[PDB]
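These notes concern the structure reproduced below.
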Amino acid sequence: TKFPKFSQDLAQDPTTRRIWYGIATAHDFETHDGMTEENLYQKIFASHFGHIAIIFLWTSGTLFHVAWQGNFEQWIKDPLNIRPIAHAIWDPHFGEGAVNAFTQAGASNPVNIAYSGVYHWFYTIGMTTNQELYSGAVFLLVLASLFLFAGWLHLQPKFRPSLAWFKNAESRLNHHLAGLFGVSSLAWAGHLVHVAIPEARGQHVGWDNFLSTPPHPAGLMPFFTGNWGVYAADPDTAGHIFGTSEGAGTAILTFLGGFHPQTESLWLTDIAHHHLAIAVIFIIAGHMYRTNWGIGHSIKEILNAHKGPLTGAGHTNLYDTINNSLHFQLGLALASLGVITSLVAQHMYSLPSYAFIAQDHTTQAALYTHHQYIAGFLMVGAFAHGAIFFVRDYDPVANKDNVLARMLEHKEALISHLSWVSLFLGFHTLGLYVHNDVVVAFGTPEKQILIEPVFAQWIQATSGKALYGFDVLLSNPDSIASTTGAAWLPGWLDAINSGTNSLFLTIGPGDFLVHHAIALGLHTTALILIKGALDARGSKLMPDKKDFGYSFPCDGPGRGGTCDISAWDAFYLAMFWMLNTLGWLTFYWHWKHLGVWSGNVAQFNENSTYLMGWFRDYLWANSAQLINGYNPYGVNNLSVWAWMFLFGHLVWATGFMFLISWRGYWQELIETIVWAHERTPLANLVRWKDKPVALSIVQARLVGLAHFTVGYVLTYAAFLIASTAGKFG
Amino acid sequence: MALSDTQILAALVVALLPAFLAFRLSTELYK
Amino acid sequence: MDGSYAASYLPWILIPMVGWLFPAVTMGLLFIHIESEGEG
Amino acid sequence: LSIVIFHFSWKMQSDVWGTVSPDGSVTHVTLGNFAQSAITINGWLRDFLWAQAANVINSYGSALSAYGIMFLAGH
Amino acid sequence: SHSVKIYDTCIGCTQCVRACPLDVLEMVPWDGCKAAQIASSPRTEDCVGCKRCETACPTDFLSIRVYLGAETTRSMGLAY
Amino acid sequence: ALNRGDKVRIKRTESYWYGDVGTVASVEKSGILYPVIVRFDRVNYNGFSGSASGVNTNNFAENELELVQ
Amino acid sequence: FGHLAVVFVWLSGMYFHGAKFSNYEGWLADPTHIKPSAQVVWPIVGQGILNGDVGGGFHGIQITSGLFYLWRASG
Amino acid sequence: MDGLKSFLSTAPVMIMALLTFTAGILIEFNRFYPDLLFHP
Amino acid sequence: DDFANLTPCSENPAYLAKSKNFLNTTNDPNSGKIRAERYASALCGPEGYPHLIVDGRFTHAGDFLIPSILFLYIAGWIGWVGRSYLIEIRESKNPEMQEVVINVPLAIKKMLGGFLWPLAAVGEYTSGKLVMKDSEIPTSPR
Ligand code: CLA
Ligand code: CLA
Ligand code: CLA
Ligand code: CLA
Ligand code: CLA
Ligand code: CLA
Ligand SMILES: CC1=C(/C=C/C(C)=C/C=C/C(C)=C\C=C\C=C(C)\C=C\C=C(C)\C=C\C2=C[C@H](C)[C@H](O)CC2(C)C)C(C)(C)C[C@@H](O)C1
Ligand code: SF4
Ligand code: SF4
Ligand code: SF4
């Protein structure tokens, strides 16, 4: 059989497994038949072009559907009272009740309500009309076409890059720092000052008249004469109304700090100076490494020079290890991307940048949950692909006595102390929670163990939170740090001391307990991933694991039993802990913000100290409207979310039987079914081409994990959206 | 103001180009 | 199933192809390809 | 067996158990909601689990608190 | 088909050959051990990969190792 | 060199007793390429799933043992 | 024989705890107004709240095994 | 009897005896001095 | 000025309102009054329950420091007696049999000698036989 063309051993398989594994190893280019390094790199280049084109097409589709079936031009007239529309509904399976229920947001047909928060983003960046959205969609279509053609071209024989071109770290770093990061940020700052701010102040600026409309009145002379302060004079007053000329200043680069009084979001001019400054810094950074002139650093000598007397060989030979190994680079990139996605979530829920996005609680919750889940997935993938590197691309002799080898030396100490910290957190956190539960249940909630989060409150004070009376640093009015004449200090101190936003929310004993539980989850997931990565090469039970690859089922029932001794199994186990930690995180965030938005912070404050309050006040209480989306009486707009809630519960349940029941049972059952088919008249005329067999052990684990994760995500998303929409939306 | 039917049809026709380019890229990558 | 957006007749014809015609054609082509014995 | 005991409990509460008035009228524990709710899974989830779990989630501070504790223990 | 390898740490206890249910292994004369015999895998196309030979091996680490590879009808042990 | 009763440390780097200490139960003097027999107090993982014991004896070459006694 | 001995010990314990720590004599006079109860909880760490009011001035854990009705039927 | 002494000294008997000793200590202390949140 | 959000329980209106109806934990009829008295000196939140402050300050040493020292002493006692008994039985002829059948005489002899566990531990560390060298421990292949 032809398929799969990249693996002969799979193509000669006569069973249905050939269909499955061929899918699973399709995009693993290294293990393909007759694969060279150069071909691998070029194929990766083309595939990355493809993913970029897919991203651009997805964004174009978002824009086009919003412009076509949305209410963008009506939404901007009243962002605080109109639900944005995602896309239209066309379902012949609908009934009259569903049609009436889903005709919402002033539409004339069944429509969905957008929760990605793209309306606020488009409004903030200056898009105000449907035709602008349409032009953006068409331009993104053209851009995706260009990138697809670029992939095809650089895949052609005359345009195939050489191996040396791919292994040019210095030139890539210089171009991608100064150009990709710096020039793009500078262009965004120029877009903000030339277009976004004038449109926010009522002046319409487009391609038609942006050449005849200067950003600043006395423009482009002070920048070259050095009198930059002119661009900071006359900022937007506190009475400014977004999108109008009432109370609007003329400054284009400010450091006001805090939030816009009306939109409850960061000042646009602050964003302009911020992106300009980081563009300048990135452009400076991009002139660091030597490419083909005399000046510039070289990464290899920097790495080979930083060696100490305690670590042995230090960072020697690390340049070759990183450059020759693609999995090392992928793991580093995934770790960094996950960290900065977590950063995006944490600094975006507390410092909103888009106008009126702080008042749309549903979109805020959705965005936080989404980007935090993405960050968790990326953080898991970093460790997984690092373990893959250790299995495949790690050379012990080359990286001898350096830090990479030193990691595998005290790996037992690493795992032991990690196990100790995980157990130490878990025991004394579960003990405190159960103690509070038991004490509260016995009718004496006064004997609870409530620890004030003193250190985090001290940090809040050091940033300027004057509620705990710590009187330290920025909270100290006489401290040198608070008497530097910083232009952002008044606005920042005003915003931090206001209780109307999420900027440094007040904390208590429940936040202490839940943050320590999150710490337990993080350390346990790290323990699983790290032990898998370090034991991937081998352990006492399997000294020769590297010979068996990264993912293998087991080594049989002998020598104890094996049963998930591979590093792929470590990743598979760590996915569950990642999901559990993300669940705790999102539960804490959502309940705290429900209390904040309703003004009933005391409910969370006094009910989060014991687990029964979590079970009753959060889960039981907030499901009242969700599960009533469709009743024996009728149907409301939350019907789809109730259906998806049950759907997620069902898929989560279904994953359990790929996770618990194992292969031999189903193999024998399929044997019986095969007998039944072969012995049946009028069905013997039809025969299979691939012999039906049960799913393999690793495939079964993967499928169970997939159903599990899909159910988890769908259930929580449905519950969160339904609860927040019913409460506030 | 809301779009027109001609705009939607033109968007479809424009999107017909990245479809052809993506088909070519997929065939090239399969090779 | 009835909409007020411009060119509301498009989903009347586009969705079925994405619903039935495209999935069925893709099923048939992939099934033939993965089952085509030989030549690799 | 879980489905069996759930069916028994809900049907007993909805169609048999209850209070009889001196007139003779019968008011059931959960009224006649079994007939029109037990046909969908959402009905089983909302009118049986969520509705009737109130007495076990609100048991803290009273003589039934132990049950509530044990409830969580199971979970 | 799967691969079966026998390393020079074999002591010629013949437990692996006895434990094999599909007659894949054999005992051939040798000189490296006191028993002067070592295991062999001539009929390796019939191996299913049950790892019974590995379970039977008493050395500190298995002197006989089985590496699962391409899957055939025989390797899957199918009766249909 | 290694005789009966010799306490030796194992340096096979893949055996269960790498770094552990054992005692020389016997040495066979011929062309055998793993002539030393070392027995240990601890037992390895050898055995079917559920077995209550492992193996406390193994064969090693002379070069992979360090005399301690 | 051993399992029979264990079951006999269980039955004797049930009868003793229904004879000493129960309101069976109280419940017998007023069966429609007194809840059965045969387990009493020591007050040590606040678990004395489990000793709810089962009627008739008796404080104890309500039983659901139905031993009181069996004993009344047995005479 | 020596056999009875050896049986009494087995792991489960020792672990349960020590657990009841500790539990009795804690219960008696909590009875005679309850509600000790901190050293006052 | 520390803990501006935490007030003394002796004046917090919520604590005083809720302390009248404190439940009796034991059979003693005035255990609730004793608890209210003992907790009136703590730092109550807006909901009237005591809060423990753990930052190193000695004014609130009773919250963490004293129980910490008590637990550390007890846990060190337990660990030291267990380790000493293990090392002692390791020289016998059936160390595993004495693991499941406890040598009660020797067990209690080690039980009663654990109150000087810090001095024994520091002498052990100085003698160098508390911690084994890395080259004398079996290790898994890297
Ligand atoms: C990936 C982006 C994306 C997505 C998810 C959707 C989603 C949808 N569109 Mg849509 N659309 C998009 C981009 C997108 N659109 C773009 C860019 C255009 C301009 C050409 C349109 C034009 C369009 C029209 C004219 C109509 C829809 C309709 C619909 C709905 C019916 C289902 C469908 O797509 O089939 C029908 C739609 C198409 C087949 C449009 C072609 C798809 C685009 C052009 C290419 C996307 C390729 C994509 C990246 C492939 C990813 C591969 C990956 C899955 C492995 C659905 C909500 C219908 C609707 O409103 O029903 C209520 C409808 O009538 N779309
Ligand atoms: C019998 C049940 C049923 C069915 C058939 C549908 C069908 C539909 N609903 Mg719907 N709905 C239902 C019940 C149902 N609904 C219920 C009970 C509710 C709650 C009241 C809703 C609420 C609802 C809303 C709110 C919306 C719909 C929409 C839609 C349409 C989406 C178009 C589509 O699927 O293309 C897109 C197809 C896909 C995305 C495929 C995804 C599934 C596969 C498995 C993923 C692909 C995996 C893999 C890569 C496949 C490889 C390729 C393959 C060929 C091999 C479609 C007509 C939407 C609509 O009208 O917009 C057009 C919409 O907005 N429905
Ligand atoms: C100035 C020259 C230049 C530029 C612009 C690029 C640009 C790019 N190169 Mg590149 N490259 C260059 C020179 C350059 N290269 C040279 C000289 C070499 C040879 C040494 C290479 C060799 C090379 C290889 C080998 C590869 C690339 C690839 C890529 C693409 C990766 C996708 C990406 O990062 O974009 C997306 C990311 C960004 C735009 C910035 C990252 C986002 C930041 C970090 C955080 C987010 C900021 C902000 C908050 C997010 C916006 C929020 C908003 C949505 C609201 C990208 C388009 C890859 C590819 O295949 O692409 C086709 C690839 O594999 N490059
Ligand atoms: C830029 C990101 C990136 C890139 C380029 C790669 C690249 C690679 N990874 Mg990697 N990985 C990543 C992120 C990434 N990964 C992350 C974030 C994780 C953590 C989740 C992993 C976890 C991971 C593991 C555990 C393994 C790889 C492997 C691989 C290699 C090839 C096998 C493969 O993935 O194809 C095959 C991929 C698939 C068959 C994916 C199937 C899963 C589908 C997409 C789920 C679909 C869900 C379903 C449709 C939901 C329907 C919903 C509907 C009902 C509504 C390849 C080098 C494998 C390897 O060792 O190769 C060297 C391997 O074992 N990766
Ligand atoms: C609610 C369920 C639950 C719980 C409590 C645990 C608990 C634990 N898991 Mg775990 N796990 C779970 C679900 C759970 N897991 C699931 C679903 C998966 C996916 C398969 C995993 C996958 C997983 C992996 C892969 C790993 C763990 C690890 C751990 C340990 C880390 C230490 C810790 O968190 O606190 C400390 C432990 C606790 C708080 C639990 C003790 C709780 C009891 C009540 C203490 C008292 C015992 C009691 C007196 C016994 C009486 C019994 C008697 C009545 C018969 C711990 C034992 C890691 C580990 O071993 O770390 C060393 C590890 O590597 N687990
Ligand atoms: C199934 C049988 C059963 C069960 C579950 C109970 C359950 C109970 N009885 Mg009860 N009882 C039973 C049979 C049973 N009884 C019988 C047959 C009699 C008649 C003799 C009694 C007479 C009786 C009285 C007189 C009292 C109870 C009480 C109680 C309650 C307190 C628990 C208790 O006594 O522990 C108390 C704690 C202990 C016994 C711990 C002591 C240490 C133990 C024994 C450790 C065991 C090992 C020990 C070191 C000895 C070593 C042995 C080794 C050689 C093997 C509890 C609800 C009390 C109650 O309800 O008061 C309100 C009470 O006062 N029972
Ligand atoms: C000796 C002994 C053993 C062994 C012991 C060993 C080997 C111990 C080894 C320890 C090592 C290697 C490292 C230890 C590190 C300890 C640290 C880092 C302590 C930090 C303390 C801090 C940060 C105090 C913090 C604050 C201190 C302050 C008083 C307040 O609270 C507030 C608060 C909590 C912030 C056993 C286990 C075998 C048996 C035992 O019985 C005895
Ligand atoms: S994974 Fe399955 S086949 Fe492998 S050892 Fe475990 S039970 Fe046996
Ligand atoms: S794996 Fe099984 S079939 Fe293959 S050689 Fe070993 S015992 Fe024989
Ligand atoms: S079981 Fe191991 S030692 Fe014995 S003959 Fe087979 S390979 Fe050699």
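Derivation of every value follows stated rules applied to the coordinates shown; laboratory data play no part. Note that each Cβ is placed from the backbone with ideal geometry, even for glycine, and that neighbours are counted across all protein chains shown.
Conditions (1) within 14 Å of chain E (Cβ to nearest Cβ); (2) closer than 30 Å to A:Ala700 by Cα, marked per residue:
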{"residue": "A:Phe548", "(1), (2)": "yes, yes"}
{"residue": "A:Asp555", "(1), (2)": "yes, yes"}
{"residue": "A:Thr562", "(1), (2)": "yes, yes"}
{"residue": "A:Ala574", "(1), (2)": "no, yes"}
{"residue": "A:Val601", "(1), (2)": "no, no"}
{"residue": "A:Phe604", "(1), (2)": "no, no"}
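Residue-by-condition table, conditions (1) out of contact with any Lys or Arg (no Cβ under 6 Å at 6 or more places or on another chain); (2) within 16 Å of A:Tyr633 (Cα to Cα); (3) not in a loop (DSSP other than H, G, I, E, B):
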| position | (1), (2), (3) |
| --- | --- |
| D:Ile5 | yes, no, yes |
| D:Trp10 | yes, no, yes |
| D:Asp15 | yes, no, yes |
| D:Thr19 | yes, no, yes |
| D:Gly24 | yes, no, no |
| D:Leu31 | yes, yes, no |
| D:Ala35 | yes, yes, yes |
| D:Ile39 | yes, yes, no |
| D:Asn42 | yes, yes, yes |
inquiry  = Contact list please: Cβ distance under 7 Å, first residue in region C:1-20 and over 23 Å from A:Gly97 (Cβ atoms) and at the interface with chain A (Cβ under 9 Å from one of its Cβ atoms), second residue of a type in the set (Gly, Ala, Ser) and surrounded by 13 or more Cβ atoms within 10 Å (Cβ to Cβ), pairs at least six apart or on different chains.
reply    = C:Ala6/B:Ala2
task = Please indicate, with yes or no, whether at least one residue in region A:476-493 is within 12 Å of another protein chain (Cβ to nearest Cβ) and surrounded by fewer than 19 Cβ atoms within 10 Å (Cβ to Cβ).
result = yes
key: Complete set of residues in region A:700-729 that are surrounded by 20 or more Cβ atoms within 10 Å (Cβ to Cβ) and aromatic (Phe, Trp, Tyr)   = A:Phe708, A:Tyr712, A:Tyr716, A:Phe719
message = Name the single residue that is farthest from the other protein chains (Cβ to nearest Cβ) among those in region D:15-68 being over 11 Å from the mean Cα position of the chain (by Cα), of a type in the set (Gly, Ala, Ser) and closer than 19 Å to D:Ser2 by Cβ.
response = D:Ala38
Counted residues, region I:5-57 - those being within 10 Å of chain H (Cβ to nearest Cβ) and assigned to a helix (DSSP H, G or I) = 8
request  = Quick one: which residue in G:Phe58, G:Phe21 is within 30 Å of H:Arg31 (Cα to Cα) and within 14 Å of chain D (Cβ to nearest Cβ)?
outcome  = G:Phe58
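Yes or no, residue by residue, for (1) part of a strand (DSSP E or B); (2) exposed (fewer than 13 other Cβ atoms within 10 Å of the Cβ):
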{"position": "F:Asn3", "(1), (2)": "no, yes"}
{"position": "F:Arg9", "(1), (2)": "yes, no"}
{"position": "F:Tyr16", "(1), (2)": "no, no"}
{"position": "F:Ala25", "(1), (2)": "yes, no"}
{"position": "F:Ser30", "(1), (2)": "no, yes"}
{"position": "F:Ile37", "(1), (2)": "yes, no"}
{"position": "F:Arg42", "(1), (2)": "no, yes"}
{"position": "F:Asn46", "(1), (2)": "no, no"}
message = Whether any residue in region A:67-75 is touching a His at 6+ places or on another chain (Cβ under 8 Å) and either crowded, with 21+ Cβ neighbours inside 10 Å or within 11 Å of another protein chain (Cβ to nearest Cβ) (or both) is what I want to check.
response = yes
query = If only one of A:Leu378, A:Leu404, A:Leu334 is in a helix (DSSP H, G or I), closer than 27 Å to A:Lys546 by Cβ, within 14 Å of another protein chain (Cβ to nearest Cβ) and touching a residue at least 24 places away in the same chain (Cβ under 8 Å), which one is it?
reply = A:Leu404
inquiry  = If a residue must be hydrophobic (A, V, I, L, M, F, W, C), within 10 Å of the chain's Cα centre (by Cα) and farther than 12 Å from E:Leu25 by Cβ, how many such residues does region E:51-80 contain?
reply    = 0
Filter pass, I:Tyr85 being within 29 Å of the chain's Cα centre (by Cα), more than 21 Å from F:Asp20 (Cα to Cα) and exposed (fewer than 13 other Cβ atoms within 10 Å of the Cβ) = no
query = Out of region H:16-40, which residues are of a type in the set (D, E, K, R) and either assigned to a loop (DSSP other than H, G, I, E, B) or touching a residue at least 24 places away in the same chain (Cβ under 8 Å) (or both)?
reply = H:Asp35
inquiry  = Testing A:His428 on (1) more than 13 Å from chain I (Cβ to nearest Cβ); (2) surrounded by fewer than 16 Cβ atoms within 10 Å (Cβ to Cβ); (3) within 16 Å of ligand 7 (Cβ to nearest atom), one condition comes back false. Which one is that?
reply    = (1)
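If you go through region A:53-72 one residue at a time, do you hit one that is β-branched (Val, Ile, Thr), touching a strand residue (DSSP E or B) at 6+ places or on another chain (Cβ under 8 Å) and in a helix (DSSP H, G or I)?
The answer is yes, given that some residue of region A:53-72 is β-branched (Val, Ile, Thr), touching a strand residue (DSSP E or B) at 6+ places or on another chain (Cβ under 8 Å) and in a helix (DSSP H, G or I).
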message = Looking at region A:652-680 only, could you name the residues that are in a loop (DSSP other than H, G, I, E, B), under 30 Å from A:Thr715 (Cα atoms) and either of a type in the set (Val, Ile, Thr) or in contact with a strand residue (DSSP E or B) (Cβ under 7 Å, 6 or more places away or on another chain) (or both)?
response = A:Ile660
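One line per residue, one yes/no per condition, for (1) surrounded by fewer than 18 Cβ atoms within 10 Å (Cβ to Cβ); (2) under 26 Å from A:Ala164 (Cα atoms):
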| site | (1), (2) |
| --- | --- |
| A:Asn292 | yes, yes |
| A:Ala305 | yes, yes |
| A:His327 | no, yes |
| A:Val339 | yes, no |
| A:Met348 | yes, no |
| A:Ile357 | no, no |
| A:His361 | no, no |
| A:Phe383 | no, no |
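So which residues in region E:21-44 are without any contact (Cβ under 8 Å) to a residue 40 or more places away in the chain and among the β-branched types (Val, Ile, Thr)?
Listed by number, the residues that qualify are E:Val24, E:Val28, E:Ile38.
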note = Here the residues within region I:102-130 that are in a loop (DSSP other than H, G, I, E, B) and among the hydrophobic types (A, V, I, L, M, F, W, C) are I:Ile102, I:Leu130
Conditions (1) touching a residue at least 24 places away in the same chain (Cβ under 8 Å); (2) loosely packed, with under 13 Cβ neighbours inside 10 Å: number failed by G:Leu11 = (1)
message = Just to check your reading of the model, which residue among A:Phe442, A:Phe470, A:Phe455 is of a type in the set (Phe, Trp, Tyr), closer than 26 Å to I:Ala36 by Cβ and at the interface with chain I (Cβ under 10 Å from one of its Cβ atoms)?
response = A:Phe442
Filter result (under 37 Å from the mean Cα position of the chain (by Cα) and over 15 Å from E:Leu68 (Cβ atoms)) within region A:12-22 = A:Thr16, A:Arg18, A:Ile19, A:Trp20, A:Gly22
request  = Would you check if there is a residue in region A:239-252 being out of contact with any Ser or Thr (no Cβ under 9 Å at 6 or more places or on another chain) and under 24 Å from A:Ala279 (Cα atoms)?
outcome  = yes
request  = Being loosely packed, with under 13 Cβ neighbours inside 10 Å, of a type in the set (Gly, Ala, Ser), away from ligand 1 (no atom under 13 Å from the Cβ) and away from chain E (no Cβ under 14 Å) narrows it down to one of A:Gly34, A:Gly97, so name that one.
outcome  = A:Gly34
